[PDB]
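Colleague: For reference, the file model.cif (mmCIF, N, CA and C atoms) is included below:
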```
data_target
loop_
_atom_site.label_atom_id
_atom_site.label_comp_id
_atom_site.auth_asym_id
_atom_site.auth_seq_id
_atom_site.Cartn_x
_atom_site.Cartn_y
_atom_site.Cartn_z
N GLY A 1 -14.15 -3.73 25.17
CA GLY A 1 -15.08 -2.67 24.70
C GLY A 1 -14.39 -1.63 23.83
N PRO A 2 -15.15 -0.70 23.24
CA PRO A 2 -14.59 0.35 22.37
C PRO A 2 -13.47 1.12 23.06
N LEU A 3 -12.55 1.65 22.26
CA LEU A 3 -11.42 2.41 22.78
C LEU A 3 -11.00 3.50 21.80
N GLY A 4 -11.96 4.02 21.04
CA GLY A 4 -11.66 5.06 20.08
C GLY A 4 -12.35 4.83 18.75
N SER A 5 -11.62 5.03 17.66
CA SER A 5 -12.17 4.84 16.32
C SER A 5 -11.23 3.99 15.46
N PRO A 6 -11.79 3.16 14.57
CA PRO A 6 -11.00 2.30 13.69
C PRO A 6 -10.33 3.07 12.56
N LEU A 7 -9.05 2.79 12.33
CA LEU A 7 -8.30 3.46 11.27
C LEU A 7 -7.27 2.52 10.65
N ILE A 8 -6.19 2.27 11.38
CA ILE A 8 -5.13 1.39 10.91
C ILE A 8 -5.33 -0.03 11.44
N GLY A 9 -5.26 -1.01 10.54
CA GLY A 9 -5.44 -2.39 10.93
C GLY A 9 -5.71 -3.30 9.75
N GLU A 10 -6.87 -3.94 9.74
CA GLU A 10 -7.24 -4.83 8.66
C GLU A 10 -8.18 -4.13 7.68
N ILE A 11 -7.93 -4.31 6.39
CA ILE A 11 -8.75 -3.69 5.36
C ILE A 11 -9.90 -4.61 4.95
N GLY A 12 -11.11 -4.07 4.97
CA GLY A 12 -12.28 -4.86 4.61
C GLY A 12 -13.09 -4.22 3.50
N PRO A 13 -14.34 -4.67 3.29
CA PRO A 13 -15.21 -4.13 2.25
C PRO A 13 -15.76 -2.76 2.60
N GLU A 14 -15.85 -2.47 3.90
CA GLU A 14 -16.36 -1.19 4.36
C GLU A 14 -15.23 -0.22 4.71
N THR A 15 -13.99 -0.66 4.52
CA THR A 15 -12.83 0.17 4.81
C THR A 15 -12.22 0.71 3.53
N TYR A 16 -12.37 -0.04 2.44
CA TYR A 16 -11.83 0.36 1.15
C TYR A 16 -12.36 1.74 0.74
N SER A 17 -13.68 1.87 0.73
CA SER A 17 -14.32 3.12 0.36
C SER A 17 -14.09 4.21 1.41
N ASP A 18 -13.80 3.79 2.64
CA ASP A 18 -13.56 4.74 3.72
C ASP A 18 -12.18 5.38 3.58
N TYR A 19 -11.21 4.58 3.16
CA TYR A 19 -9.85 5.08 2.97
C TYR A 19 -9.75 5.80 1.64
N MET A 20 -10.66 5.45 0.74
CA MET A 20 -10.71 6.05 -0.58
C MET A 20 -11.51 7.34 -0.54
N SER A 21 -12.52 7.38 0.32
CA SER A 21 -13.35 8.56 0.48
C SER A 21 -12.76 9.49 1.53
N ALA A 22 -11.79 8.99 2.30
CA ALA A 22 -11.15 9.80 3.34
C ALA A 22 -10.41 10.98 2.73
N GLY A 23 -9.80 10.76 1.57
CA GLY A 23 -9.06 11.82 0.90
C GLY A 23 -7.58 11.79 1.23
N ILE A 24 -7.10 10.64 1.68
CA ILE A 24 -5.69 10.49 2.03
C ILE A 24 -5.13 9.18 1.48
N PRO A 25 -3.83 9.16 1.13
CA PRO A 25 -3.18 7.96 0.58
C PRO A 25 -3.50 6.70 1.38
N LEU A 26 -3.70 5.60 0.66
CA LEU A 26 -4.00 4.32 1.29
C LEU A 26 -2.76 3.43 1.29
N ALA A 27 -2.37 3.00 2.48
CA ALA A 27 -1.20 2.13 2.62
C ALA A 27 -1.61 0.67 2.75
N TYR A 28 -1.64 -0.02 1.62
CA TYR A 28 -2.01 -1.43 1.59
C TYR A 28 -0.81 -2.30 1.96
N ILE A 29 -1.05 -3.34 2.73
CA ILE A 29 0.01 -4.24 3.14
C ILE A 29 -0.38 -5.69 2.94
N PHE A 30 -0.16 -6.20 1.73
CA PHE A 30 -0.47 -7.59 1.45
C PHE A 30 0.55 -8.49 2.12
N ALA A 31 0.12 -9.67 2.51
CA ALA A 31 1.02 -10.62 3.13
C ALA A 31 0.44 -12.02 3.11
N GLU A 32 1.14 -12.93 2.46
CA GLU A 32 0.70 -14.31 2.38
C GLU A 32 0.91 -15.00 3.73
N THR A 33 1.61 -14.33 4.63
CA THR A 33 1.89 -14.89 5.95
C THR A 33 0.93 -14.32 7.00
N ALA A 34 -0.10 -15.09 7.33
CA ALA A 34 -1.08 -14.67 8.32
C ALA A 34 -0.69 -15.15 9.72
N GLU A 35 0.54 -15.63 9.86
CA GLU A 35 1.03 -16.12 11.15
C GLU A 35 2.01 -15.13 11.77
N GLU A 36 2.94 -14.64 10.95
CA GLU A 36 3.95 -13.69 11.42
C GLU A 36 3.53 -12.25 11.12
N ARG A 37 2.26 -12.06 10.77
CA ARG A 37 1.73 -10.73 10.45
C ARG A 37 2.27 -9.66 11.40
N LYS A 38 2.53 -10.06 12.64
CA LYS A 38 3.04 -9.13 13.65
C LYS A 38 4.37 -8.52 13.21
N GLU A 39 5.23 -9.34 12.60
CA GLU A 39 6.54 -8.88 12.14
C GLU A 39 6.40 -7.72 11.16
N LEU A 40 5.76 -7.97 10.03
CA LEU A 40 5.56 -6.95 9.02
C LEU A 40 4.80 -5.76 9.59
N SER A 41 3.62 -6.04 10.13
CA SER A 41 2.76 -5.01 10.70
C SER A 41 3.46 -4.23 11.82
N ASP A 42 4.47 -4.83 12.42
CA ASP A 42 5.22 -4.18 13.48
C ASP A 42 6.05 -3.05 12.89
N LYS A 43 6.95 -3.42 11.99
CA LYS A 43 7.78 -2.46 11.29
C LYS A 43 6.88 -1.38 10.68
N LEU A 44 5.67 -1.82 10.37
CA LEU A 44 4.62 -0.99 9.82
C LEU A 44 3.95 -0.13 10.89
N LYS A 45 4.03 -0.61 12.13
CA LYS A 45 3.46 0.09 13.26
C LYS A 45 3.93 1.53 13.27
N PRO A 46 5.24 1.75 13.07
CA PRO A 46 5.81 3.10 13.01
C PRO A 46 5.62 3.70 11.63
N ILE A 47 5.77 2.86 10.59
CA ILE A 47 5.60 3.32 9.22
C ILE A 47 4.28 4.05 9.07
N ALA A 48 3.36 3.79 9.98
CA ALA A 48 2.05 4.43 9.95
C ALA A 48 1.87 5.37 11.14
N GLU A 49 2.58 5.11 12.23
CA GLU A 49 2.50 5.96 13.40
C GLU A 49 2.97 7.37 13.05
N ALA A 50 3.72 7.46 11.95
CA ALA A 50 4.23 8.73 11.46
C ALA A 50 3.24 9.33 10.48
N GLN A 51 2.50 8.44 9.84
CA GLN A 51 1.52 8.81 8.84
C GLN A 51 0.15 8.25 9.20
N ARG A 52 -0.17 8.33 10.49
CA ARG A 52 -1.44 7.83 10.99
C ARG A 52 -2.60 8.71 10.54
N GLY A 53 -2.33 10.00 10.41
CA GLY A 53 -3.35 10.93 9.98
C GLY A 53 -3.14 11.42 8.56
N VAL A 54 -2.24 10.77 7.83
CA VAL A 54 -1.96 11.16 6.45
C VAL A 54 -2.11 9.98 5.49
N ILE A 55 -1.90 8.77 5.99
CA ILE A 55 -2.02 7.57 5.17
C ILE A 55 -2.84 6.50 5.89
N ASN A 56 -3.69 5.80 5.14
CA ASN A 56 -4.52 4.75 5.73
C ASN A 56 -3.83 3.40 5.68
N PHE A 57 -3.20 3.02 6.78
CA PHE A 57 -2.49 1.75 6.85
C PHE A 57 -3.46 0.59 7.05
N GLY A 58 -3.54 -0.26 6.03
CA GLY A 58 -4.42 -1.41 6.08
C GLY A 58 -3.75 -2.67 5.57
N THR A 59 -3.77 -3.72 6.38
CA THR A 59 -3.16 -4.99 6.00
C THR A 59 -4.11 -5.84 5.19
N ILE A 60 -3.56 -6.63 4.27
CA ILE A 60 -4.36 -7.49 3.42
C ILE A 60 -3.62 -8.79 3.12
N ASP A 61 -4.36 -9.78 2.64
CA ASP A 61 -3.79 -11.09 2.34
C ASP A 61 -3.22 -11.15 0.93
N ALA A 62 -1.92 -11.42 0.81
CA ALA A 62 -1.28 -11.53 -0.49
C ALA A 62 -1.48 -12.93 -1.07
N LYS A 63 -2.20 -13.79 -0.35
CA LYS A 63 -2.44 -15.16 -0.78
C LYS A 63 -3.84 -15.32 -1.37
N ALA A 64 -4.81 -14.57 -0.85
CA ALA A 64 -6.18 -14.66 -1.34
C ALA A 64 -6.58 -13.36 -2.02
N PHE A 65 -6.03 -12.27 -1.53
CA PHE A 65 -6.31 -10.95 -2.07
C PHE A 65 -5.18 -10.48 -2.98
N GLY A 66 -4.02 -11.14 -2.88
CA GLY A 66 -2.85 -10.78 -3.68
C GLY A 66 -3.18 -10.20 -5.04
N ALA A 67 -4.20 -10.74 -5.70
CA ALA A 67 -4.59 -10.24 -7.02
C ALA A 67 -4.81 -8.73 -6.96
N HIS A 68 -5.15 -8.24 -5.77
CA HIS A 68 -5.40 -6.83 -5.54
C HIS A 68 -4.10 -6.07 -5.25
N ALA A 69 -3.02 -6.81 -4.99
CA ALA A 69 -1.73 -6.20 -4.68
C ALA A 69 -1.13 -5.53 -5.90
N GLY A 70 -1.23 -6.19 -7.04
CA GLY A 70 -0.67 -5.63 -8.25
C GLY A 70 -1.71 -5.03 -9.17
N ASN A 71 -2.98 -5.09 -8.77
CA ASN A 71 -4.04 -4.49 -9.57
C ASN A 71 -3.77 -2.99 -9.73
N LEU A 72 -2.81 -2.50 -8.95
CA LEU A 72 -2.42 -1.10 -8.97
C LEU A 72 -0.99 -0.96 -9.50
N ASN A 73 -0.25 -2.07 -9.53
CA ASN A 73 1.13 -2.05 -9.98
C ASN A 73 1.76 -3.44 -9.99
N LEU A 74 2.01 -3.96 -8.79
CA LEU A 74 2.64 -5.26 -8.61
C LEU A 74 2.12 -6.31 -9.59
N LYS A 75 2.75 -7.48 -9.56
CA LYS A 75 2.37 -8.58 -10.42
C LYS A 75 1.93 -9.78 -9.58
N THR A 76 1.88 -9.59 -8.27
CA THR A 76 1.48 -10.65 -7.35
C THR A 76 2.40 -11.87 -7.50
N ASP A 77 3.66 -11.62 -7.82
CA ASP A 77 4.63 -12.69 -8.00
C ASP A 77 5.20 -13.16 -6.66
N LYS A 78 5.30 -12.24 -5.70
CA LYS A 78 5.83 -12.58 -4.39
C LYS A 78 5.17 -11.75 -3.30
N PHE A 79 5.29 -12.22 -2.07
CA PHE A 79 4.71 -11.53 -0.92
C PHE A 79 5.42 -11.92 0.38
N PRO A 80 5.12 -11.21 1.49
CA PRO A 80 4.15 -10.11 1.52
C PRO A 80 4.52 -8.96 0.60
N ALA A 81 3.53 -8.15 0.26
CA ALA A 81 3.72 -7.01 -0.61
C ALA A 81 3.14 -5.76 0.05
N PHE A 82 3.49 -4.59 -0.48
CA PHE A 82 2.99 -3.33 0.08
C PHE A 82 2.63 -2.36 -1.03
N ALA A 83 1.42 -1.82 -0.97
CA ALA A 83 0.96 -0.87 -1.98
C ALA A 83 0.60 0.48 -1.37
N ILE A 84 0.86 1.54 -2.12
CA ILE A 84 0.55 2.89 -1.67
C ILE A 84 -0.37 3.58 -2.67
N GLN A 85 -1.68 3.38 -2.50
CA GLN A 85 -2.66 3.97 -3.40
C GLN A 85 -2.97 5.41 -3.00
N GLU A 86 -2.83 6.32 -3.96
CA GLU A 86 -3.11 7.73 -3.70
C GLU A 86 -4.53 8.08 -4.13
N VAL A 87 -5.34 8.49 -3.16
CA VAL A 87 -6.72 8.87 -3.43
C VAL A 87 -6.82 10.32 -3.89
N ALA A 88 -5.68 10.96 -4.08
CA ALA A 88 -5.64 12.35 -4.52
C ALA A 88 -5.27 12.43 -6.00
N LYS A 89 -4.30 11.62 -6.41
CA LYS A 89 -3.86 11.60 -7.80
C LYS A 89 -4.24 10.29 -8.47
N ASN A 90 -4.60 9.28 -7.67
CA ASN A 90 -4.97 7.97 -8.19
C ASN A 90 -3.71 7.20 -8.56
N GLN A 91 -2.65 7.45 -7.80
CA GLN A 91 -1.37 6.82 -8.02
C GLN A 91 -1.20 5.60 -7.14
N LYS A 92 -0.20 4.80 -7.45
CA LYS A 92 0.08 3.60 -6.69
C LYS A 92 1.57 3.37 -6.56
N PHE A 93 2.12 3.80 -5.43
CA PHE A 93 3.55 3.64 -5.16
C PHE A 93 3.80 2.48 -4.19
N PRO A 94 3.70 1.22 -4.67
CA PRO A 94 3.91 0.04 -3.83
C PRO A 94 5.39 -0.26 -3.59
N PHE A 95 5.66 -1.36 -2.90
CA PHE A 95 7.03 -1.76 -2.59
C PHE A 95 7.45 -2.96 -3.44
N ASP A 96 8.73 -3.29 -3.40
CA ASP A 96 9.26 -4.42 -4.17
C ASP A 96 8.95 -5.75 -3.49
N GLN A 97 9.00 -6.83 -4.26
CA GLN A 97 8.73 -8.16 -3.74
C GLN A 97 9.96 -9.05 -3.85
N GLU A 98 11.13 -8.43 -3.85
CA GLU A 98 12.39 -9.17 -3.95
C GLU A 98 13.54 -8.34 -3.39
N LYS A 99 13.20 -7.41 -2.51
CA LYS A 99 14.19 -6.54 -1.90
C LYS A 99 14.31 -6.82 -0.40
N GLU A 100 13.25 -6.48 0.34
CA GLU A 100 13.20 -6.68 1.79
C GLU A 100 12.12 -5.79 2.39
N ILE A 101 11.13 -6.40 3.02
CA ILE A 101 10.04 -5.66 3.63
C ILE A 101 10.23 -5.53 5.13
N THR A 102 10.92 -4.48 5.54
CA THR A 102 11.14 -4.22 6.96
C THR A 102 10.48 -2.90 7.32
N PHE A 103 10.96 -2.26 8.38
CA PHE A 103 10.41 -0.99 8.78
C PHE A 103 11.17 0.11 8.08
N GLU A 104 12.39 0.35 8.51
CA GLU A 104 13.25 1.35 7.91
C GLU A 104 13.12 1.36 6.39
N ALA A 105 12.91 0.18 5.82
CA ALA A 105 12.78 0.04 4.38
C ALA A 105 11.44 0.54 3.85
N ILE A 106 10.38 0.30 4.61
CA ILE A 106 9.05 0.73 4.20
C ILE A 106 8.80 2.15 4.70
N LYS A 107 9.10 2.37 5.97
CA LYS A 107 8.95 3.67 6.58
C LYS A 107 9.71 4.70 5.76
N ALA A 108 10.94 4.36 5.39
CA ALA A 108 11.77 5.25 4.59
C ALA A 108 11.21 5.36 3.18
N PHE A 109 10.91 4.21 2.58
CA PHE A 109 10.35 4.19 1.23
C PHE A 109 9.13 5.10 1.15
N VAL A 110 8.07 4.73 1.85
CA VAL A 110 6.85 5.54 1.87
C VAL A 110 7.21 7.01 2.12
N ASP A 111 8.16 7.21 3.03
CA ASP A 111 8.63 8.55 3.37
C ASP A 111 9.13 9.27 2.12
N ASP A 112 9.86 8.53 1.29
CA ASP A 112 10.39 9.09 0.06
C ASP A 112 9.28 9.23 -0.97
N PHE A 113 8.16 8.58 -0.70
CA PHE A 113 6.98 8.65 -1.56
C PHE A 113 6.22 9.92 -1.25
N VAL A 114 5.77 10.02 -0.01
CA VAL A 114 5.02 11.18 0.46
C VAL A 114 5.81 12.46 0.24
N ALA A 115 7.09 12.43 0.60
CA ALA A 115 7.95 13.59 0.43
C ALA A 115 7.92 14.09 -1.01
N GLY A 116 7.88 13.15 -1.95
CA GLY A 116 7.85 13.51 -3.35
C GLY A 116 9.05 12.98 -4.09
N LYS A 117 9.55 11.85 -3.62
CA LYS A 117 10.71 11.23 -4.21
C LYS A 117 10.32 10.05 -5.09
N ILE A 118 9.33 9.29 -4.66
CA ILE A 118 8.87 8.14 -5.44
C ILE A 118 7.85 8.57 -6.47
N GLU A 119 7.79 7.83 -7.57
CA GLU A 119 6.87 8.14 -8.65
C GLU A 119 6.34 6.87 -9.31
N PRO A 120 5.39 7.01 -10.25
CA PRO A 120 4.80 5.87 -10.96
C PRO A 120 5.86 4.96 -11.56
N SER A 121 5.58 3.66 -11.57
CA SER A 121 6.51 2.68 -12.11
C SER A 121 5.99 2.08 -13.41
N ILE A 122 4.70 1.75 -13.43
CA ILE A 122 4.08 1.17 -14.61
C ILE A 122 2.86 1.98 -15.05
N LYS A 123 2.19 2.59 -14.08
CA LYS A 123 1.00 3.40 -14.35
C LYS A 123 1.24 4.38 -15.50
N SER A 124 0.20 5.13 -15.86
CA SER A 124 0.28 6.10 -16.94
C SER A 124 0.23 5.40 -18.30
N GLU A 125 -0.94 5.43 -18.93
CA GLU A 125 -1.12 4.81 -20.23
C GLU A 125 -2.19 5.54 -21.03
N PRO A 126 -1.80 6.58 -21.77
CA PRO A 126 -2.73 7.38 -22.57
C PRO A 126 -3.13 6.68 -23.87
N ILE A 127 -4.24 7.12 -24.45
CA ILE A 127 -4.74 6.54 -25.69
C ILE A 127 -4.68 7.54 -26.84
N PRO A 128 -3.54 7.60 -27.54
CA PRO A 128 -3.34 8.51 -28.68
C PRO A 128 -4.42 8.36 -29.74
N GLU A 129 -4.11 8.80 -30.96
CA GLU A 129 -5.05 8.72 -32.07
C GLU A 129 -6.08 9.84 -32.00
N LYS A 130 -7.15 9.70 -32.77
CA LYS A 130 -8.22 10.70 -32.81
C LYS A 130 -8.63 11.14 -31.40
N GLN A 131 -8.42 10.26 -30.45
CA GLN A 131 -8.75 10.54 -29.05
C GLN A 131 -7.56 11.15 -28.33
N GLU A 132 -7.82 11.82 -27.21
CA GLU A 132 -6.77 12.45 -26.43
C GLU A 132 -6.01 13.47 -27.27
N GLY A 133 -5.24 14.33 -26.59
CA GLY A 133 -4.47 15.34 -27.29
C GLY A 133 -5.35 16.28 -28.10
#
```
Any chance you could give the structure as structure tokens?

Modeller:
Amino acid sequence: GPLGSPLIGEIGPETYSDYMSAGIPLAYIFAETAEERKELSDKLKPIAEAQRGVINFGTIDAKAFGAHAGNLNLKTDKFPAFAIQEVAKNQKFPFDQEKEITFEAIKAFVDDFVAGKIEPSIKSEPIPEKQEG
């Protein structure tokens, strides 16, 4: 039976707008591995337990949804992947797909993100000419 309210877990069609309308950074966690999900999501357990009320931790499939992993930055070249969509600035501070997706690595990374250490990697593309400026 019920045991509270849904927040961190699996991202769906009714959760996207909820994490986007919530007004807090969205922590996407793509993963082509739907078997060992516990491993990634575990290290993530704390990565969000620290930011449970500041970031929306939601897991996603990097095999079927992967296209959504880099729709904010990544290239969907490898997985699992991790994205950090900001619903305040509309930023996307995801993780690498050739480094190592652990806890200390994500928890620390995101930590360096929220703190104000991480910044856009590919985003930011203005349209000069008669327009803008």

Colleague: Can you tell me, as a PyMOL selection string, which residues in chain A count as alpha helix (DSSP H) by DSSP?

Modeller: chain A and resi 13-21+37-49+103-115

Colleague: Residues of stretch 64-132 of chain A within 6 Å of stretch 18-39 of chain A: nearest atom pair and distance (Å, one decimal) for each, counting only N, CA and C atoms, sorted by chain and number, as CSV?

Modeller:
```
residue,atom,partner,partner_atom,distance
A:79,C,A:32,N,4.9
A:80,CA,A:31,CA,3.6
A:81,N,A:30,C,3.5
A:82,CA,A:28,C,4.4
A:83,N,A:28,C,3.7
A:84,CA,A:26,C,4.5
A:85,C,A:26,N,3.7
A:86,CA,A:25,CA,4.3
A:87,N,A:25,CA,4.4
A:88,N,A:23,C,5.7
```

Colleague: Evaluated on this file, the PyMOL selection byres (((chain A and resi 75 and name CA) around 12) and name CA) picks out some residues - which ones are they, written as a list in words?

Modeller: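 That expression, the PyMOL selection byres (((chain A and resi 75 and name CA) around 12) and name CA), corresponds here to residues 62, 66, 67, 68, 69, 70, 71, 72, 73, 74, 76, 77, 78, 79, 81, 82, 83, 94, 95, 96, 97, 98 and 122 of chain A.
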
Colleague: From the set A:92, A:40, A:58, A:47, which residue has the shortest atom-to-atom contact distance to residue A:110, counting only C-alpha atoms?

Modeller: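 Smallest separation from residue A:110 among the options: A:47.
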
Colleague: From a backbone DSSP assignment, name each residue in chain A labelled strand (DSSP E), as a VMD selection string.

Modeller: chain A and resid 9 to 10 26 to 30 56 to 60 81 to 85

Colleague: I'd like the neighbourhood of residue A:10 as a PDB file with N, CA and C atoms, in the frame of the given file, where a residue qualifies if any of its atoms comes within 6.5 Å (using only N, CA and C atoms), though same-chain residues fewer than 6 positions away should be ignored.

Modeller:
```
ATOM      1  N   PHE A  57      -3.200   3.020   6.780  1.00  0.00           N
ATOM      2  CA  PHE A  57      -2.490   1.750   6.850  1.00  0.00           C
ATOM      3  C   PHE A  57      -3.460   0.590   7.050  1.00  0.00           C
ATOM      4  N   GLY A  58      -3.540  -0.260   6.030  1.00  0.00           N
ATOM      5  CA  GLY A  58      -4.420  -1.410   6.080  1.00  0.00           C
ATOM      6  C   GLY A  58      -3.750  -2.670   5.570  1.00  0.00           C
ATOM      7  N   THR A  59      -3.770  -3.720   6.380  1.00  0.00           N
ATOM      8  CA  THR A  59      -3.160  -4.990   6.000  1.00  0.00           C
ATOM      9  C   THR A  59      -4.110  -5.840   5.190  1.00  0.00           C
ATOM     10  N   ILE A  60      -3.560  -6.630   4.270  1.00  0.00           N
ATOM     11  CA  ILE A  60      -4.360  -7.490   3.420  1.00  0.00           C
ATOM     12  C   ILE A  60      -3.620  -8.790   3.120  1.00  0.00           C
TER      13      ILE A  60
END
```

Colleague: For a test of reading the model, state the distance in Å between atom CA of residue A:109 and atom CA of residue A:93, rounded to one decimal.

Modeller: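 Distance reported for this atom pair: 9.3 Å.
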
Colleague: In Å, how far is it from atom N of residue A:118 to atom C of residue A:106?

Modeller: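 It comes out at 11.8 Å.
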
Colleague: Could you tell me how far atom CA of residue A:54 lies from atom N of residue A:8, in Å and to one decimal?

Modeller: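 Result for atom CA of residue A:54 versus atom N of residue A:8: 11.0 Å, one decimal.
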
Colleague: What does the PyMOL selection byres ((chain A and resi 102) around 8) select in this file, as a PyMOL selection string?

Modeller: chain A and resi 39-40+42-44+99-101+103-108

Colleague: Would you save the residues from that selection as a PDB file, in the frame of the given file, using N, CA and C atoms?

Modeller:
```pdb
ATOM      1  N   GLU A  39       5.230  -9.340  12.600  1.00  0.00           N
ATOM      2  CA  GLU A  39       6.540  -8.880  12.140  1.00  0.00           C
ATOM      3  C   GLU A  39       6.400  -7.720  11.160  1.00  0.00           C
ATOM      4  N   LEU A  40       5.760  -7.970  10.030  1.00  0.00           N
ATOM      5  CA  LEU A  40       5.560  -6.950   9.020  1.00  0.00           C
ATOM      6  C   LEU A  40       4.800  -5.760   9.590  1.00  0.00           C
ATOM      7  N   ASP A  42       4.470  -4.830  12.420  1.00  0.00           N
ATOM      8  CA  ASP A  42       5.220  -4.180  13.480  1.00  0.00           C
ATOM      9  C   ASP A  42       6.050  -3.050  12.890  1.00  0.00           C
ATOM     10  N   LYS A  43       6.950  -3.420  11.990  1.00  0.00           N
ATOM     11  CA  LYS A  43       7.780  -2.460  11.290  1.00  0.00           C
ATOM     12  C   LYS A  43       6.880  -1.380  10.680  1.00  0.00           C
ATOM     13  N   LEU A  44       5.670  -1.820  10.370  1.00  0.00           N
ATOM     14  CA  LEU A  44       4.620  -0.990   9.820  1.00  0.00           C
ATOM     15  C   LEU A  44       3.950  -0.130  10.890  1.00  0.00           C
ATOM     16  N   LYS A  99      13.200  -7.410  -2.510  1.00  0.00           N
ATOM     17  CA  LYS A  99      14.190  -6.540  -1.900  1.00  0.00           C
ATOM     18  C   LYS A  99      14.310  -6.820  -0.400  1.00  0.00           C
ATOM     19  N   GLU A 100      13.250  -6.480   0.340  1.00  0.00           N
ATOM     20  CA  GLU A 100      13.200  -6.680   1.790  1.00  0.00           C
ATOM     21  C   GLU A 100      12.120  -5.790   2.390  1.00  0.00           C
ATOM     22  N   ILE A 101      11.130  -6.400   3.020  1.00  0.00           N
ATOM     23  CA  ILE A 101      10.040  -5.660   3.630  1.00  0.00           C
ATOM     24  C   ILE A 101      10.230  -5.530   5.130  1.00  0.00           C
ATOM     25  N   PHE A 103      10.960  -2.260   8.380  1.00  0.00           N
ATOM     26  CA  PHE A 103      10.410  -0.990   8.780  1.00  0.00           C
ATOM     27  C   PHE A 103      11.170   0.110   8.080  1.00  0.00           C
ATOM     28  N   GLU A 104      12.390   0.350   8.510  1.00  0.00           N
ATOM     29  CA  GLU A 104      13.250   1.350   7.910  1.00  0.00           C
ATOM     30  C   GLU A 104      13.120   1.360   6.390  1.00  0.00           C
ATOM     31  N   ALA A 105      12.910   0.180   5.820  1.00  0.00           N
ATOM     32  CA  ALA A 105      12.780   0.040   4.380  1.00  0.00           C
ATOM     33  C   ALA A 105      11.440   0.540   3.850  1.00  0.00           C
ATOM     34  N   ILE A 106      10.380   0.300   4.610  1.00  0.00           N
ATOM     35  CA  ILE A 106       9.050   0.730   4.200  1.00  0.00           C
ATOM     36  C   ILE A 106       8.800   2.150   4.700  1.00  0.00           C
ATOM     37  N   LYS A 107       9.100   2.370   5.970  1.00  0.00           N
ATOM     38  CA  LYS A 107       8.950   3.670   6.580  1.00  0.00           C
ATOM     39  C   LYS A 107       9.710   4.700   5.760  1.00  0.00           C
ATOM     40  N   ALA A 108      10.940   4.360   5.390  1.00  0.00           N
ATOM     41  CA  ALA A 108      11.770   5.250   4.590  1.00  0.00           C
ATOM     42  C   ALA A 108      11.210   5.360   3.180  1.00  0.00           C
TER      43      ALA A 108
END
```
